[PDB]
2 protein chains.
Amino acid sequence: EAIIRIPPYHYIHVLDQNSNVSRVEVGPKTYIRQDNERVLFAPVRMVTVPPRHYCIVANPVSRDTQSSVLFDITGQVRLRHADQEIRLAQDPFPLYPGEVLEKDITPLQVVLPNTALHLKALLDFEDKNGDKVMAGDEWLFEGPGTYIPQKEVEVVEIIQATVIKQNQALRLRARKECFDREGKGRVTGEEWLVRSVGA
Amino acid sequence: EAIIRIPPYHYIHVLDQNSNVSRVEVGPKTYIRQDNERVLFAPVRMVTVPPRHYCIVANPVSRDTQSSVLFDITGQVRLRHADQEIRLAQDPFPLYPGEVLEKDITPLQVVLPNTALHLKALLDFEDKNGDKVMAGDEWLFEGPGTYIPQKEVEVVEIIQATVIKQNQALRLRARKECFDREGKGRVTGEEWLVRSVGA
């Protein structure tokens, strides 16, 4: 049929065979396709993201500094392809032709008071407060609080802060030329103790 | 049929196929649908909430500062989608197209004299008396009284206040750099005693 039914919060993709490019078809409207148009799939709900949750879709529609969906000169949506987008929490928004949904309403990261998150850049990027991170720079995020899942950063594991009781010490060991608690060149394979009672 | 029967306290949702948006149909009236209109479901009772009870419906209709149901320019009700509403106790009100009933006439929280409620923000929000709460800030609500279920706050568990009799003390233990009864840096894993006879 040439008659489509898009309810208040659903979307579809239409491939206009004459214009040979596609576009997003957001409601609310019981829209009717032209002879050239052809709907690919049925109304599917718009990508929702509740508060304190997140989602991340690859091939994001590259928007200018005003945040508008630049439709390419051909008529197809302008996608970054390789890049991703960090969708925090927002209204049900419709995906455009070409966006592969990778994360979807996944609960946001919840770091406990006595643990942390091992970080690993995936590529080089400028940090929140203006720092150059290298491909493998090991960042560490102790909380408590909630981390915001990034595309230039990856969480490797969860660190459990070892509790050193009174009259105790924690035997450590370095895996690189790093610096520990009190300024001692800590070479690879070297060991040392912790010296303050506290997680 | 094109004839509908809404009793004094019931409602329905109607999807006008020409206007391609929906709206709420609150009584009291035996309303008749147009050729364009089509009723989705039968009269269902309006969302009631008795005194000293509560309910909470997600996707709440975002009202302005005057508390009116802003109908969107399309004609559909304007919903916050991700957010929720804190319905305390009020008359039987009708739901709008798009609101998923999550809490419904659940009895309000009743904190006893000798217990409390472990709190856990779910996200950041401004507190009753102007305080910034972080995603995981641990609040504690001793009563007696009745707490009001929030959307930015979550009750984790019920604390039973341990009664320390005469010539006794309670062995405590910290799980973070917190402060106990008398100002001593209480590091993680440290232990100490209570020193006043009283719940």
# chains A, B, ... in the order shown; residues from 1 in each chain; ligands from 1

$ closest_atom_pairs --of "chain B" --to "chain A" --cutoff "10 Å" --atoms "only C-alpha atoms" --output "Markdown table"
| residue | atom | partner | partner_atom | distance |
| --- | --- | --- | --- | --- |
| B:15 | CA | A:7 | CA | 8.6 |
| B:16 | CA | A:30 | CA | 9.8 |
| B:17 | CA | A:30 | CA | 6.7 |
| B:18 | CA | A:30 | CA | 7.5 |
| B:19 | CA | A:29 | CA | 7.3 |
| B:20 | CA | A:29 | CA | 4.6 |
| B:21 | CA | A:8 | CA | 5.7 |
| B:22 | CA | A:8 | CA | 7.4 |
| B:58 | CA | A:50 | CA | 9.9 |
| B:59 | CA | A:50 | CA | 9.7 |
| B:74 | CA | A:28 | CA | 6.8 |
| B:75 | CA | A:28 | CA | 8.7 |
| B:76 | CA | A:8 | CA | 6.9 |
| B:77 | CA | A:8 | CA | 9.3 |
| B:79 | CA | A:91 | CA | 9.0 |
| B:80 | CA | A:91 | CA | 7.1 |
| B:81 | CA | A:91 | CA | 6.0 |
| B:82 | CA | A:50 | CA | 4.2 |
| B:83 | CA | A:51 | CA | 6.6 |
| B:84 | CA | A:51 | CA | 9.5 |
| B:97 | CA | A:8 | CA | 8.9 |
| B:98 | CA | A:8 | CA | 8.6 |
| B:122 | CA | A:52 | CA | 6.9 |
| B:123 | CA | A:52 | CA | 5.8 |
| B:124 | CA | A:52 | CA | 8.7 |
| B:134 | CA | A:145 | CA | 6.3 |
| B:135 | CA | A:145 | CA | 5.4 |
| B:136 | CA | A:145 | CA | 5.6 |
| B:137 | CA | A:145 | CA | 7.8 |
| B:138 | CA | A:113 | CA | 10.0 |
| B:152 | CA | A:51 | CA | 9.5 |
| B:175 | CA | A:114 | CA | 7.4 |
| B:176 | CA | A:114 | CA | 6.6 |
| B:177 | CA | A:198 | CA | 8.1 |
| B:186 | CA | A:198 | CA | 9.0 |
| B:187 | CA | A:198 | CA | 5.3 |
| B:188 | CA | A:199 | CA | 5.1 |
| B:189 | CA | A:163 | CA | 6.2 |
| B:190 | CA | A:165 | CA | 6.8 |
| B:191 | CA | A:165 | CA | 9.6 |

$ residues_around --residues "residue 154 of chain B" --least-positions-apart "6" --cutoff "8 Å" --atoms "only C-alpha atoms" --output "list in words"
residues 119, 120, 121 and 122 of chain B

$ closest_residue --among "B:70, B:105, B:193, B:2" --to "residue 47 of chain B" --atoms "only C-alpha atoms"
B:105

$ residues_around --residues "residue 141 of chain A" --least-positions-apart "6" --cutoff "10 Å" --atoms "only C-alpha atoms" --output "list in words"
residues 111, 115, 116, 117, 118, 119, 147, 155, 158 and 159 of chain A

$ write_last_selection --atoms "N, CA and C atoms" --output "mmCIF file, in the first residue's frame"
data_model
loop_
_atom_site.group_PDB
_atom_site.id
_atom_site.type_symbol
_atom_site.label_atom_id
_atom_site.label_comp_id
_atom_site.auth_asym_id
_atom_site.auth_seq_id
_atom_site.Cartn_x
_atom_site.Cartn_y
_atom_site.Cartn_z
ATOM 1 N N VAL A 111 30.112 4.024 40.345
ATOM 2 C CA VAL A 111 31.310 3.740 41.134
ATOM 3 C C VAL A 111 31.008 3.870 42.634
ATOM 4 N N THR A 115 35.828 1.685 45.709
ATOM 5 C CA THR A 115 36.400 1.140 44.478
ATOM 6 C C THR A 115 36.667 2.142 43.353
ATOM 7 N N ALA A 116 37.307 1.687 42.279
ATOM 8 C CA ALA A 116 37.582 2.548 41.129
ATOM 9 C C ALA A 116 37.435 1.871 39.770
ATOM 10 N N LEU A 117 37.706 2.630 38.710
ATOM 11 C CA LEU A 117 37.586 2.141 37.340
ATOM 12 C C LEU A 117 38.900 2.323 36.582
ATOM 13 N N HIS A 118 39.463 1.208 36.121
ATOM 14 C CA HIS A 118 40.695 1.208 35.335
ATOM 15 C C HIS A 118 40.361 1.698 33.929
ATOM 16 N N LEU A 119 41.003 2.777 33.485
ATOM 17 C CA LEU A 119 40.720 3.340 32.161
ATOM 18 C C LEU A 119 41.807 3.016 31.139
ATOM 19 N N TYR A 147 30.404 7.736 36.508
ATOM 20 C CA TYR A 147 31.197 8.059 35.324
ATOM 21 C C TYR A 147 30.295 8.131 34.094
ATOM 22 N N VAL A 155 36.699 1.518 29.880
ATOM 23 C CA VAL A 155 36.877 0.992 31.232
ATOM 24 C C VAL A 155 37.388 -0.445 31.141
ATOM 25 N N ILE A 158 37.477 -3.248 37.374
ATOM 26 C CA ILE A 158 37.048 -2.596 38.614
ATOM 27 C C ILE A 158 38.098 -2.856 39.692
ATOM 28 N N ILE A 159 38.679 -1.787 40.230
ATOM 29 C CA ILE A 159 39.696 -1.903 41.273
ATOM 30 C C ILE A 159 39.028 -1.928 42.645
#

$ residues_around --residues "residue 78 of chain A" --least-positions-apart "6" --cutoff "8 Å" --atoms "only C-alpha atoms" --output "list in words"
residues 61, 62, 69, 70, 71 and 72 of chain A

$ select_by_dssp --residues "segment 79-165 of chain B" --states "strand (DSSP E)" --output "number ranges by chain"
B: 90-93, 106-107, 115-121, 125-126, 132-133, 140-142, 153-160

$ write_last_selection --atoms "N, CA and C atoms" --output "compact mmCIF listing (two decimals), in the first residue's frame"
# COMPACT_ATOMS: atom_id res chain seq x y z
N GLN B 90 -4.66 12.69 45.42
CA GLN B 90 -5.46 13.64 44.65
C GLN B 90 -6.65 12.87 44.06
N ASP B 91 -7.52 13.56 43.33
CA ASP B 91 -8.73 12.97 42.77
C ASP B 91 -8.40 11.96 41.66
N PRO B 92 -9.39 11.13 41.26
CA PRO B 92 -9.19 10.26 40.11
C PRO B 92 -8.90 11.06 38.83
N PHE B 93 -7.63 11.07 38.41
CA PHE B 93 -7.23 11.79 37.20
C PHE B 93 -6.97 10.81 36.05
N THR B 106 0.07 2.49 45.95
CA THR B 106 0.96 1.80 46.88
C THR B 106 0.94 2.57 48.20
N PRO B 107 0.86 1.86 49.34
CA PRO B 107 0.83 2.58 50.62
C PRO B 107 2.11 3.37 50.88
N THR B 115 13.56 2.85 63.93
CA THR B 115 14.24 2.50 62.69
C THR B 115 14.43 3.64 61.67
N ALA B 116 15.17 3.37 60.60
CA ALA B 116 15.38 4.36 59.55
C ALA B 116 15.38 3.81 58.13
N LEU B 117 15.60 4.70 57.16
CA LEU B 117 15.60 4.33 55.75
C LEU B 117 16.91 4.74 55.08
N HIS B 118 17.63 3.75 54.55
CA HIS B 118 18.88 3.97 53.83
C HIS B 118 18.55 4.56 52.46
N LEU B 119 19.07 5.74 52.16
CA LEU B 119 18.78 6.39 50.88
C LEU B 119 19.94 6.30 49.89
N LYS B 120 19.60 6.37 48.60
CA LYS B 120 20.58 6.36 47.52
C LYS B 120 20.02 7.14 46.34
N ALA B 121 20.60 8.31 46.07
CA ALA B 121 20.15 9.15 44.97
C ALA B 121 20.29 8.17 43.81
N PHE B 125 20.29 15.90 42.07
CA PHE B 125 19.12 16.78 42.21
C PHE B 125 19.29 17.72 43.40
N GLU B 126 18.54 18.82 43.39
CA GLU B 126 18.56 19.78 44.49
C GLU B 126 17.60 19.31 45.59
N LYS B 132 23.05 19.92 47.07
CA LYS B 132 23.45 19.12 45.91
C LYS B 132 23.74 17.68 46.33
N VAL B 133 22.93 16.75 45.84
CA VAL B 133 23.11 15.33 46.09
C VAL B 133 23.77 14.70 44.87
N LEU B 140 20.28 9.20 55.15
CA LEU B 140 19.67 8.33 56.16
C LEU B 140 18.49 9.04 56.81
N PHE B 141 17.32 8.42 56.76
CA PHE B 141 16.08 9.04 57.24
C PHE B 141 15.49 8.30 58.44
N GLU B 142 15.87 8.73 59.64
CA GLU B 142 15.25 8.27 60.87
C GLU B 142 13.96 9.06 61.09
N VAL B 153 15.43 10.03 44.33
CA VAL B 153 15.93 9.32 45.50
C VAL B 153 15.40 7.89 45.52
N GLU B 154 16.17 6.98 46.11
CA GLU B 154 15.79 5.57 46.23
C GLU B 154 16.08 5.05 47.64
N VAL B 155 15.11 4.35 48.22
CA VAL B 155 15.30 3.71 49.53
C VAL B 155 15.98 2.36 49.33
N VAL B 156 17.14 2.19 49.96
CA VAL B 156 17.96 0.99 49.78
C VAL B 156 17.51 -0.13 50.71
N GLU B 157 17.38 0.18 52.00
CA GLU B 157 17.03 -0.82 53.01
C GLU B 157 16.46 -0.18 54.28
N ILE B 158 16.15 -1.01 55.27
CA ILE B 158 15.59 -0.54 56.54
C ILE B 158 16.62 -0.78 57.65
N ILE B 159 17.04 0.30 58.31
CA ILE B 159 18.02 0.20 59.40
C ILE B 159 17.30 -0.04 60.72
N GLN B 160 17.71 -1.08 61.44
CA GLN B 160 17.20 -1.36 62.78
C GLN B 160 18.17 -0.80 63.80

$ atom_distance --atom1 "atom CA of residue 46 of chain B" --atom2 "atom CA of residue 100 of chain B"
13.6 Å

$ atom_distance --atom1 "atom CA of residue 127 of chain A" --atom2 "atom CA of residue 148 of chain A"
12.9 Å
